>>> print(open('data_30.json').read())   # JSON, C-alpha atoms
[["chain", "number", "residue", "atom", "x", "y", "z"],
["A", 507, "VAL", "CA", 143.95, -99.20, 32.42],
["A", 508, "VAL", "CA", 146.71, -101.44, 31.06],
["A", 509, "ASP", "CA", 145.68, -100.43, 27.54],
["A", 510, "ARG", "CA", 145.10, -97.05, 25.87],
["A", 511, "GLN", "CA", 142.43, -97.48, 23.20],
["A", 512, "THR", "CA", 140.04, -95.43, 21.08],
["A", 513, "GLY", "CA", 137.32, -96.55, 18.70],
["A", 514, "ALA", "CA", 134.42, -95.28, 16.60],
["A", 515, "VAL", "CA", 132.80, -95.63, 13.19],
["A", 516, "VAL", "CA", 134.14, -92.13, 12.51],
["A", 517, "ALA", "CA", 136.73, -90.67, 14.89],
["A", 518, "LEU", "CA", 134.98, -88.93, 17.79],
["A", 519, "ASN", "CA", 136.84, -86.02, 19.41],
["A", 520, "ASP", "CA", 135.80, -85.48, 23.03],
["A", 521, "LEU", "CA", 136.12, -81.84, 24.05],
["A", 522, "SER", "CA", 136.10, -82.71, 27.78],
["A", 523, "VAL", "CA", 139.17, -84.99, 27.75],
["A", 524, "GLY", "CA", 141.55, -82.04, 27.89],
["A", 525, "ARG", "CA", 145.27, -81.94, 27.28],
["A", 526, "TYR", "CA", 147.30, -85.13, 27.24],
["A", 527, "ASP", "CA", 149.88, -85.89, 29.94],
["A", 528, "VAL", "CA", 152.85, -86.19, 27.57],
["A", 529, "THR", "CA", 155.62, -83.76, 26.66],
["A", 530, "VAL", "CA", 156.84, -82.89, 23.17],
["A", 531, "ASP", "CA", 160.60, -83.22, 22.71],
["A", 532, "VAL", "CA", 163.15, -84.04, 19.99],
["A", 533, "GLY", "CA", 165.32, -87.11, 19.64],
["A", 534, "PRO", "CA", 167.17, -89.39, 17.23],
["A", 535, "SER", "CA", 165.30, -90.51, 14.12],
["A", 536, "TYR", "CA", 164.94, -94.30, 13.92],
["A", 537, "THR", "CA", 163.60, -96.33, 11.01],
["A", 538, "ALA", "CA", 161.85, -98.88, 13.23],
["A", 539, "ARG", "CA", 160.99, -99.46, 16.88],
["A", 540, "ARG", "CA", 163.56, -102.27, 17.11],
["A", 541, "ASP", "CA", 166.37, -99.84, 16.29],
["A", 542, "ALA", "CA", 165.24, -97.47, 19.05],
["A", 543, "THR", "CA", 164.96, -100.28, 21.59],
["A", 544, "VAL", "CA", 168.38, -101.68, 20.69],
["A", 545, "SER", "CA", 169.98, -98.23, 20.84],
["A", 546, "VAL", "CA", 168.51, -97.36, 24.23],
["A", 547, "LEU", "CA", 169.41, -100.75, 25.73],
["A", 548, "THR", "CA", 172.95, -100.50, 24.35],
["A", 549, "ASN", "CA", 173.24, -97.04, 25.92],
["A", 550, "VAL", "CA", 172.09, -98.58, 29.20],
["A", 551, "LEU", "CA", 174.83, -101.17, 28.73],
["A", 552, "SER", "CA", 178.53, -100.16, 28.77],
["A", 553, "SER", "CA", 177.75, -98.21, 31.97],
["A", 554, "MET", "CA", 177.70, -101.39, 34.09],
["A", 555, "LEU", "CA", 180.70, -103.19, 35.53],
["A", 556, "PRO", "CA", 181.25, -106.76, 34.28],
["A", 557, "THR", "CA", 180.11, -108.28, 37.59],
["A", 558, "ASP", "CA", 176.62, -106.74, 37.60],
["A", 559, "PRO", "CA", 173.75, -109.25, 37.94],
["A", 560, "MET", "CA", 171.34, -107.65, 35.47],
["A", 561, "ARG", "CA", 173.78, -107.92, 32.56],
["A", 562, "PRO", "CA", 172.62, -111.37, 31.27],
["A", 563, "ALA", "CA", 169.00, -110.21, 31.38],
["A", 564, "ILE", "CA", 169.84, -107.01, 29.49],
["A", 565, "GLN", "CA", 171.81, -109.01, 26.92],
["A", 566, "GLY", "CA", 168.92, -111.43, 26.40],
["A", 567, "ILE", "CA", 166.41, -108.61, 26.01],
["A", 568, "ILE", "CA", 168.68, -106.92, 23.45],
["A", 569, "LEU", "CA", 169.12, -110.13, 21.46],
["A", 570, "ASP", "CA", 165.34, -110.61, 21.56],
["A", 571, "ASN", "CA", 164.80, -107.42, 19.53],
["A", 572, "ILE", "CA", 167.44, -108.06, 16.85],
["A", 573, "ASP", "CA", 166.29, -108.85, 13.30],
["A", 574, "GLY", "CA", 168.17, -110.81, 10.67],
["A", 575, "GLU", "CA", 168.13, -113.66, 8.20],
["A", 576, "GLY", "CA", 168.24, -117.32, 9.21],
["A", 577, "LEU", "CA", 168.38, -116.73, 12.98],
["A", 578, "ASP", "CA", 165.22, -118.69, 13.81],
["A", 579, "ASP", "CA", 166.84, -121.42, 15.91],
["A", 580, "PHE", "CA", 169.04, -118.98, 17.85],
["A", 581, "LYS", "CA", 166.10, -116.64, 18.48],
["A", 582, "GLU", "CA", 163.91, -119.51, 19.71],
["A", 583, "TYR", "CA", 166.71, -120.72, 22.01],
["A", 584, "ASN", "CA", 167.17, -117.21, 23.42],
["A", 585, "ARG", "CA", 163.41, -116.87, 23.94],
["A", 586, "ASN", "CA", 163.31, -120.19, 25.81],
["A", 587, "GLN", "CA", 166.26, -119.12, 27.96],
["A", 588, "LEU", "CA", 164.46, -115.89, 28.84],
["A", 589, "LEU", "CA", 161.19, -117.73, 29.52],
["A", 590, "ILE", "CA", 162.71, -120.27, 31.92],
["A", 591, "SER", "CA", 164.25, -117.43, 33.94],
["A", 592, "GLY", "CA", 160.96, -115.54, 34.30],
["A", 593, "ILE", "CA", 161.47, -112.42, 32.18],
["A", 594, "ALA", "CA", 159.62, -113.03, 28.89],
["A", 595, "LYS", "CA", 156.06, -112.98, 30.34],
["A", 596, "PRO", "CA", 154.51, -115.61, 28.02],
["A", 597, "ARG", "CA", 151.69, -114.29, 25.81],
["A", 598, "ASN", "CA", 149.16, -116.97, 26.77],
["A", 599, "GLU", "CA", 149.26, -119.02, 23.56],
["A", 600, "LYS", "CA", 151.47, -122.11, 24.06],
["A", 601, "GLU", "CA", 154.57, -121.26, 26.15],
["A", 602, "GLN", "CA", 152.62, -120.45, 29.32],
["A", 603, "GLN", "CA", 151.40, -124.07, 29.43],
["A", 604, "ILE", "CA", 154.41, -125.81, 27.84],
["A", 605, "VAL", "CA", 157.61, -123.90, 28.59],
["A", 606, "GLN", "CA", 156.46, -122.57, 31.96],
["A", 607, "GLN", "CA", 154.93, -125.92, 32.91],
["B", 52, "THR", "CA", 197.49, -68.17, -37.34],
["B", 53, "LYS", "CA", 198.81, -67.69, -40.86],
["B", 54, "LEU", "CA", 202.48, -67.59, -39.79],
["B", 55, "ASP", "CA", 203.86, -66.77, -43.26],
["B", 56, "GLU", "CA", 201.09, -68.40, -45.32],
["B", 57, "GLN", "CA", 200.44, -71.57, -43.33],
["B", 58, "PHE", "CA", 198.06, -72.70, -40.59],
["B", 59, "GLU", "CA", 200.34, -74.11, -37.90],
["B", 60, "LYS", "CA", 198.25, -74.57, -34.77],
["B", 61, "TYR", "CA", 198.87, -73.62, -31.16],
["B", 62, "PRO", "CA", 200.29, -76.40, -28.96],
["B", 63, "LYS", "CA", 197.61, -77.61, -26.54],
["B", 64, "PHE", "CA", 199.00, -79.81, -23.77],
["B", 65, "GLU", "CA", 196.78, -81.27, -21.06],
["B", 66, "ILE", "CA", 197.56, -82.48, -17.53],
["B", 67, "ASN", "CA", 194.50, -84.12, -16.00],
["B", 68, "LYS", "CA", 194.30, -83.55, -12.24],
["B", 69, "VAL", "CA", 190.55, -83.57, -11.44],
["B", 70, "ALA", "CA", 190.16, -87.34, -11.85],
["B", 71, "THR", "CA", 192.02, -88.50, -8.72],
["B", 72, "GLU", "CA", 189.35, -87.44, -6.23],
["B", 73, "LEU", "CA", 186.57, -88.75, -8.47],
["B", 74, "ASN", "CA", 188.32, -92.13, -8.64],
["B", 75, "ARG", "CA", 188.74, -92.01, -4.86],
["B", 76, "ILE", "CA", 184.99, -91.46, -4.42],
["B", 77, "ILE", "CA", 184.13, -94.24, -6.88],
["B", 78, "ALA", "CA", 186.50, -96.69, -5.18],
["B", 79, "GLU", "CA", 185.12, -95.71, -1.77],
["B", 80, "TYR", "CA", 181.62, -96.56, -2.97],
["B", 81, "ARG", "CA", 182.60, -99.81, -4.70],
["B", 82, "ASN", "CA", 184.47, -100.99, -1.60],
["B", 83, "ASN", "CA", 181.22, -101.01, 0.43],
["B", 84, "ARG", "CA", 178.25, -101.67, -1.84],
["B", 85, "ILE", "CA", 174.71, -101.29, -0.53],
["B", 86, "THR", "CA", 171.28, -102.63, -1.44],
["B", 87, "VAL", "CA", 167.67, -102.75, -0.24],
["B", 88, "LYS", "CA", 166.83, -104.42, 3.07],
["B", 89, "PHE", "CA", 163.35, -105.10, 4.44],
["B", 90, "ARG", "CA", 162.70, -104.44, 8.12],
["B", 91, "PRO", "CA", 160.02, -106.38, 10.02],
["B", 92, "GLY", "CA", 157.29, -104.84, 12.14],
["B", 93, "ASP", "CA", 155.25, -105.55, 15.26],
["B", 94, "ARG", "CA", 153.35, -108.63, 14.13],
["B", 95, "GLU", "CA", 153.42, -112.34, 14.86],
["B", 96, "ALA", "CA", 154.53, -113.29, 11.33],
["B", 97, "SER", "CA", 156.49, -110.30, 10.00],
["B", 98, "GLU", "CA", 159.85, -112.10, 10.27],
["B", 99, "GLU", "CA", 158.99, -114.78, 7.71],
["B", 100, "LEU", "CA", 157.38, -112.22, 5.40],
["B", 101, "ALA", "CA", 160.48, -110.01, 5.44],
["B", 102, "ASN", "CA", 162.76, -113.02, 4.95],
["C", 406, "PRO", "CA", 230.59, -70.47, -21.17],
["C", 407, "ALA", "CA", 227.26, -72.22, -21.54],
["C", 408, "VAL", "CA", 224.26, -71.11, -19.49],
["C", 409, "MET", "CA", 220.97, -72.69, -18.42],
["C", 410, "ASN", "CA", 217.84, -70.58, -18.84],
["C", 411, "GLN", "CA", 215.29, -70.61, -16.04],
["C", 412, "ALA", "CA", 212.43, -71.80, -18.26],
["C", 413, "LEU", "CA", 214.09, -75.15, -19.00],
["C", 414, "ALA", "CA", 214.62, -75.84, -15.30],
["C", 415, "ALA", "CA", 211.04, -74.80, -14.56],
["C", 416, "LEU", "CA", 209.69, -77.25, -17.14],
["C", 417, "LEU", "CA", 211.98, -80.01, -15.87],
["C", 418, "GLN", "CA", 210.82, -79.63, -12.27],
["C", 419, "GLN", "CA", 207.16, -79.15, -13.20],
["C", 420, "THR", "CA", 206.95, -82.20, -15.48],
["C", 421, "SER", "CA", 208.88, -84.34, -12.99],
["C", 422, "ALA", "CA", 206.37, -83.42, -10.28],
["C", 423, "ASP", "CA", 203.32, -83.78, -12.53],
["C", 424, "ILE", "CA", 204.17, -87.27, -13.82],
["C", 425, "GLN", "CA", 204.26, -88.59, -10.25],
["C", 426, "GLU", "CA", 201.19, -86.54, -9.26],
["C", 427, "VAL", "CA", 199.09, -87.93, -12.12],
["C", 428, "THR", "CA", 200.28, -91.55, -11.85],
["C", 429, "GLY", "CA", 198.85, -92.23, -8.40],
["C", 450, "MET", "CA", 189.24, -98.17, 3.74],
["C", 451, "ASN", "CA", 193.02, -98.70, 3.19],
["C", 452, "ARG", "CA", 192.44, -101.08, 0.21],
["C", 453, "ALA", "CA", 190.24, -98.32, -1.32],
["C", 454, "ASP", "CA", 193.17, -95.85, -1.00],
["C", 455, "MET", "CA", 195.43, -98.18, -3.04],
["C", 456, "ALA", "CA", 195.29, -97.16, -6.75]]
>>> encode(input="data_30.json", output="structure tokens")
Amino acid sequence: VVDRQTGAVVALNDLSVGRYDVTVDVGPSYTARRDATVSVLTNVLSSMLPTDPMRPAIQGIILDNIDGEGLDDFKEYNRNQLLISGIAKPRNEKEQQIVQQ
Amino acid sequence: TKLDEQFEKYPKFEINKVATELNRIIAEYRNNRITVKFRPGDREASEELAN
Amino acid sequence: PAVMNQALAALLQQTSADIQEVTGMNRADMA
């Protein structure tokens, strides 16, 4: 239930599933998912006073999605800082048993 | 015209005034040049590939 | 006495304006 999946040798269309539970709407055109995430999180920001508690978490999540050249060390440091504060939800490969431990 | 058995030509002066805006556009482009950039995707190793 | 025809004054003013007009983000604005 935590994943929405379909699979077949050739796509099977079930006639009994019915309509989906989503709504069709229009919005800004983004080249990649990272741009959309950064834009929406930036829009969430700038509406919060400087003393809000969630601001560091929002800033870290925004910096997590940024892409660039030669930012490997900074990105790893930011990821570690998010992991040690319990937001990153480690993906069960090495940081759940090293960083979290 | 002949003008008493000659071929003196009409004077044809020019004052160019359509080049200023074209030069403005060209300078505006050359001030901020652009190129091709590769954006990563949703994979574990797209960052290094794009770099 | 001598007189000044209007055409000479018109050419004087027009050429004086046109020389300056022809001969010339903020750095981009600079000629």
>>> interface_residues(input="data_30.json", of="chain B", to="chain C", cutoff="8 Å", atoms="all atoms listed in the file", output="short mmCIF file (atom, residue, chain, number, x, y, z; two decimals) with C-alpha atoms, in the frame of the given file")
data_model
loop_
_atom_site.label_atom_id
_atom_site.label_comp_id
_atom_site.auth_asym_id
_atom_site.auth_seq_id
_atom_site.Cartn_x
_atom_site.Cartn_y
_atom_site.Cartn_z
CA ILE B 66 197.56 -82.48 -17.53
CA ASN B 67 194.50 -84.12 -16.00
CA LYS B 68 194.30 -83.55 -12.24
CA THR B 71 192.02 -88.50 -8.72
CA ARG B 75 188.74 -92.01 -4.86
CA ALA B 78 186.50 -96.69 -5.18
CA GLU B 79 185.12 -95.71 -1.77
CA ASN B 82 184.47 -100.99 -1.60
#
>>> atom_distance(input="data_30.json", atom1="CA of residue 589 (chain A)", atom2="CA of residue 510 (chain A)")
26.5 Å
>>> closest_residue(input="data_30.json", among="B:53, B:60, B:81, B:90", to="residue 571 (chain A)", atoms="all atoms listed in the file")
B:90
>>> residues_around(input="data_30.json", residues="residue 98 (chain B)", least_positions_apart="5", cutoff="10 Å", atoms="all atoms listed in the file", output="JSON, numbers by chain")
{"A": [573, 574, 575, 576, 578], "B": [89, 90, 91, 92, 93]}
>>> atom_distance(input="data_30.json", atom1="CA of residue 602 (chain A)", atom2="CA of residue 508 (chain A)")
20.0 Å
>>> residues_around(input="data_30.json", residues="residue 569 (chain A)", least_positions_apart="5", cutoff="10 Å", atoms="all atoms listed in the file", output="compact mmCIF listing (two decimals) with C-alpha atoms, in the coordinates of the input")
# COMPACT_ATOMS: atom_id res chain seq x y z
CA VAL A 544 168.38 -101.68 20.69
CA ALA A 563 169.00 -110.21 31.38
CA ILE A 564 169.84 -107.01 29.49
CA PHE A 580 169.04 -118.98 17.85
CA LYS A 581 166.10 -116.64 18.48
CA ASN A 584 167.17 -117.21 23.42
CA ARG A 585 163.41 -116.87 23.94
>>> atom_distance(input="data_30.json", atom1="CA of residue 593 (chain A)", atom2="CA of residue 566 (chain A)")
9.5 Å
>>> closest_residue(input="data_30.json", among="B:96, B:73, B:87, B:101", to="chain A", atoms="all atoms listed in the file")
B:101
>>> closest_residue(input="data_30.json", among="A:533, A:605, A:561, A:577", to="chain B", atoms="all atoms listed in the file")
A:577
>>> build_atoms(input="data_30.json", residues="region 74-89 of chain B", atoms="N, CA and C atoms", output="PDB file, in the coordinates of the input")
ATOM      1  N   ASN B  74     188.001 -90.711  -8.756  1.00  0.00           N
ATOM      2  CA  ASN B  74     188.320 -92.130  -8.640  1.00  0.00           C
ATOM      3  C   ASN B  74     188.321 -92.567  -7.180  1.00  0.00           C
ATOM      4  N   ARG B  75     188.787 -91.698  -6.281  1.00  0.00           N
ATOM      5  CA  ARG B  75     188.740 -92.010  -4.860  1.00  0.00           C
ATOM      6  C   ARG B  75     187.298 -92.209  -4.391  1.00  0.00           C
ATOM      7  N   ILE B  76     186.392 -91.324  -4.808  1.00  0.00           N
ATOM      8  CA  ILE B  76     184.990 -91.460  -4.420  1.00  0.00           C
ATOM      9  C   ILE B  76     184.397 -92.745  -4.985  1.00  0.00           C
ATOM     10  N   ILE B  77     184.685 -93.040  -6.253  1.00  0.00           N
ATOM     11  CA  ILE B  77     184.130 -94.240  -6.880  1.00  0.00           C
ATOM     12  C   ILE B  77     184.643 -95.492  -6.189  1.00  0.00           C
ATOM     13  N   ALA B  78     185.940 -95.536  -5.878  1.00  0.00           N
ATOM     14  CA  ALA B  78     186.500 -96.690  -5.180  1.00  0.00           C
ATOM     15  C   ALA B  78     185.924 -96.807  -3.772  1.00  0.00           C
ATOM     16  N   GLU B  79     185.716 -95.674  -3.098  1.00  0.00           N
ATOM     17  CA  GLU B  79     185.120 -95.710  -1.770  1.00  0.00           C
ATOM     18  C   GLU B  79     183.724 -96.299  -1.809  1.00  0.00           C
ATOM     19  N   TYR B  80     182.941 -95.948  -2.830  1.00  0.00           N
ATOM     20  CA  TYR B  80     181.620 -96.560  -2.970  1.00  0.00           C
ATOM     21  C   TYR B  80     181.727 -98.047  -3.267  1.00  0.00           C
ATOM     22  N   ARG B  81     182.529 -98.414  -4.269  1.00  0.00           N
ATOM     23  CA  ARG B  81     182.600 -99.810  -4.700  1.00  0.00           C
ATOM     24  C   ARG B  81     183.196-100.718  -3.634  1.00  0.00           C
ATOM     25  N   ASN B  82     183.945-100.166  -2.678  1.00  0.00           N
ATOM     26  CA  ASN B  82     184.470-100.990  -1.600  1.00  0.00           C
ATOM     27  C   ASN B  82     183.367-101.480  -0.676  1.00  0.00           C
ATOM     28  N   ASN B  83     182.340-100.662  -0.448  1.00  0.00           N
ATOM     29  CA  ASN B  83     181.220-101.010   0.430  1.00  0.00           C
ATOM     30  C   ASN B  83     179.928-100.765  -0.339  1.00  0.00           C
ATOM     31  N   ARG B  84     179.495-101.768  -1.095  1.00  0.00           N
ATOM     32  CA  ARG B  84     178.250-101.670  -1.840  1.00  0.00           C
ATOM     33  C   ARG B  84     177.055-101.843  -0.920  1.00  0.00           C
ATOM     34  N   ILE B  85     175.930-101.253  -1.319  1.00  0.00           N
ATOM     35  CA  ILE B  85     174.710-101.290  -0.530  1.00  0.00           C
ATOM     36  C   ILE B  85     173.558-101.744  -1.408  1.00  0.00           C
ATOM     37  N   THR B  86     172.473-102.157  -0.754  1.00  0.00           N
ATOM     38  CA  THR B  86     171.280-102.630  -1.440  1.00  0.00           C
ATOM     39  C   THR B  86     170.071-102.383  -0.548  1.00  0.00           C
ATOM     40  N   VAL B  87     168.936-102.954  -0.939  1.00  0.00           N
ATOM     41  CA  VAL B  87     167.670-102.750  -0.240  1.00  0.00           C
ATOM     42  C   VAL B  87     167.468-103.863   0.776  1.00  0.00           C
ATOM     43  N   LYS B  88     167.117-103.479   2.000  1.00  0.00           N
ATOM     44  CA  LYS B  88     166.830-104.420   3.070  1.00  0.00           C
ATOM     45  C   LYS B  88     165.439-104.139   3.621  1.00  0.00           C
ATOM     46  N   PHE B  89     164.710-105.203   3.944  1.00  0.00           N
ATOM     47  CA  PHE B  89     163.350-105.100   4.440  1.00  0.00           C
ATOM     48  C   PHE B  89     163.325-105.317   5.948  1.00  0.00           C
TER      49      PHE B  89
END
